Structure formats: structure tokens, C-alpha cells
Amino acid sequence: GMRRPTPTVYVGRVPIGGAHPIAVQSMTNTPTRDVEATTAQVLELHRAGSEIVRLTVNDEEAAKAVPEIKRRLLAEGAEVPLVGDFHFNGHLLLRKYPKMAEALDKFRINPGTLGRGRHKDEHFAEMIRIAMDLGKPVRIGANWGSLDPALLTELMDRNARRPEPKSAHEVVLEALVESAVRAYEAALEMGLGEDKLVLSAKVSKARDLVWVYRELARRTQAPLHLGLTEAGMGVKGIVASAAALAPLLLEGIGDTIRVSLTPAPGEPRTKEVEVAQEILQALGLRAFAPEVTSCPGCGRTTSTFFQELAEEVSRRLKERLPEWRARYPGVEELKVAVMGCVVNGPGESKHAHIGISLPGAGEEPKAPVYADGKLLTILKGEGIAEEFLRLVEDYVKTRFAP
């Protein structure tokens, strides 16, 4: 599959663009002024796999905290880049708090939260000037929840002159794209480099997101920050996010992703990082950790042992990963199968690196194990689970040896 070529934008030490792995990012939900809480959550998110972390810089007390948060991160060798999220008063905060401006690795601007009418262009120019002075990259990030009303009215009037006007909904999507593209072009014209500009234009419906990003990809050369905004809670948020991103990622569009989940009360903020990683890995774009392929089970499946075994294998693989990642380069690509009966068991197992096919209904009580597409052994009796996990360990040591 062919990735859209783009210039490289470094966000701290992390390169993003068409020549680089698609980067996972996230955002904190602690008050930025709370240095201890925010530092801890940045570290938690980074350790979960957030390669870039965003934090809101909403007021003066937030701005004053940012240099200390960065200092603390660096003191433990955590080189995770920080993106500051600015709305309404970004120009004032960046002007008044130069140490915050220098401590951030990237500024996020929203062309719909710059101020009204004439103030907009001036506030934009000031934030871009500061970024240029400090050599910082910028994301120009549009969101349909904060669309520039003057631009919307301009495009509504253009639409009304068409021989067949489009729907109001379609015009909103046009305006969102136009907001991002106009601001991109303005920033380039002011002298901000192509190696310093990332774009997003987010909406909260999957089919609309696909249209928007196809337009952005066509009309601009910038790396794109992709996400389905306001995806919501639980299973709904997870599914909507994956459904929205996949068609675009498969087409080669997108250079960094963020998954916008609402945590349930007491649910960890790291869930969104896990989902982002799973999207990229599902599409074969990155490898973060070994994966288990398993059938759903059906009436052919002999007992609850199948579900238990699949769960145990997944759990063990998670426990071994920190060590394996250190010793066995490439192990993140490991595919393990655990299957319920002979119908698909051998075949699916032979497509994995290693897999086991349990005996289902009507079969002799033995479980063949396949590795690299051929029979490795046949297991029987008690301790199938512990035997198989030993065989997986043995496999990893040989296949992913340095």
C-alpha cells in the first residue's frame, strides 16, 4: 500500500510525515496548572505508547506550569514531545510566557478560536511569528465544533449561487476544509517552513471525516493529524474511531493519529493509546505487540477451555513483552493462533507464526501445534496450556534471535 508523500516535520525528536511510522498521540485530562498530576499523566501516556503528548495551555497558571513539567520530564530522560493546545488567548500566553513557548515542542492553533473578524488575522500572525522565532512546528487544527462563522457564511453564499446548491451539511464540510487550507497557505506565505506545519480538520461522523481528509490530502502537501473528534464513550467510541480512520489509513492518508474517547468515570486515560495502537496494527501499518488470532468458538467447541486458553495465551504474551522487546528484535510482529476445532484450526494456525488447533466435537482428544506453516508437535492431556506457552517461548527465541 502506498503512503502519501509529505515533508518531514519533527515534533521534538519524533519525525512525522510520509517517510516515517504513523505516530500515536494522546492528550492529558489533568489541570495543566497541577504540575505533579500532569507530569505523572504525561509519563503514564508515554509509557503506554503515546509518542507525542498534548496538553491544554488554557490560562496563565497553565502557561506558568509548562516549563516545570518539561524540566521534570527531561530529568528522567523522558524525551516525549509536548504539544500545547491553545484557544482564544494563545497569542497572549505565548507573548507573556516565553519560557512556556520555548518548553513546548509544538503549538496547536485552531483557526476558529482565534477571535472575531479582524482580530483573527492578527492573533494568527502573532502565534506564527513566535513559532518562527523559536523554530517550533505548528498544527493548524480545525474542528467542526469551532468553525469560523465568517468563512461559513462565505461558503453558504457561494453555495446558494450554484445551479444545484448542496446541502447545509455539505457546505459545513466545505468550510471546515477551506478553513484549514486557507490558514495553511497563510502560514506558508508568512514564511513558516513546510517542515514546520501539520494540518487537521476533524468532524465527529466517520463518513464525513473520510470526505474531509481526502480533500485535505489533495489540496495540501502537509503531514496530516487524523482523528475522529468527540467519538464518545465505550464500545461506540472505539468502533467509530476505527471505522473512521481505516478507510483513510488504507488509502495512505494520515501521519499521526489521536483517538478521541470519553473515559468512563474511573477508566484510565491510556485506553485511547491502546485503541490507536490497535487500529494501526490491525491495518498492518505498525507492530506494537504480539497478537492472538482466535475463532469465536461455536457448538463444535468442546468446552470453556478454548476461551480460557485464548485468554491465557494473550495474558502471557502481555507479561513477556517488556523482556522480549529487549532481547528479541522484531518480536512485535509475532502472530499466535488459538483455534477451537479442525474446521479452521490447522489452516489458520499455519498462517500464524505459531498456533494450536484444539480438538472439537467428534475429534480425538489431541491438539496439533503448527509453526512456520508446518506441524511442530501434537499435544494431549493436562497442561496443554503450559506446554503450548513453552513452545511459543522456544519459537520466539529462535525466530527473533538477534
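So that the term is clear: the rigid core is the largest set of C-alpha atoms that superpose within 1.5 Å between two forms. Residue numbers here begin at 1 and follow the sequence given.
Q: Find the stretch among 296 to 304 and 106 to 114 with the larger RMS C-alpha deviation in 7 other deposited structures of this protein, all structures being superposed on the shown form by the rigid core.
A: So, of the two stretches, the farther one in 7 other deposited structures of this protein is 296 to 304.
Q: Higher average CA B factor in the deposited record is what I'm after, so tell me if that's 360 to 368 or 46 to 54.
A: Higher mean C-alpha B-factor in the PDB entry: 360 to 368.
Q) Between 130 to 138 and 270 to 278, which has the higher average C-alpha B-factor in the PDB entry? A) Taking the mean C-alpha B-factor of 130 to 138 and of 270 to 278, the larger value falls to 130 to 138.
(Q) Given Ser260, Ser303, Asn143, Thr256, identify the residue with the highest C-alpha B factor in the PDB entry. (A) Each of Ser260, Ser303, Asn143, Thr256 was compared by C-alpha B-factor; the highest is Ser303.
Q: Using the entry's values, work out which of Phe86, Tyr328, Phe288, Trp211 has the largest Cα B factor.
A: It is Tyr328.
**Q.** Ranked C-alpha temperature factor of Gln221 among modelled chain residues, by third
**A.** As the PDB entry reports it, the C-alpha B-factor of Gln221 lands in the highest third of its chain.
Q: Report the third (lowest, middle or highest) to which the CA temperature factor of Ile384 belongs, ranking only the modelled residues of the same chain.
A: Highest third - that is where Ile384 ends up once the chain's C-alpha B-factors are sorted.
Q. Going by the entry, which third of its chain does the Cα temperature factor of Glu215 land in?
A. It falls in the bottom third of the chain.
(Q) Quick check for you: using the entry's CA B-factors within this chain, is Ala337 in the lowest, middle or highest third? (A) Bottom third by C-alpha B-factor.
Q. Among the modelled residues of its chain, does the C-alpha B-factor of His169 lie in the lowest, middle or highest third?
A. Middle third.
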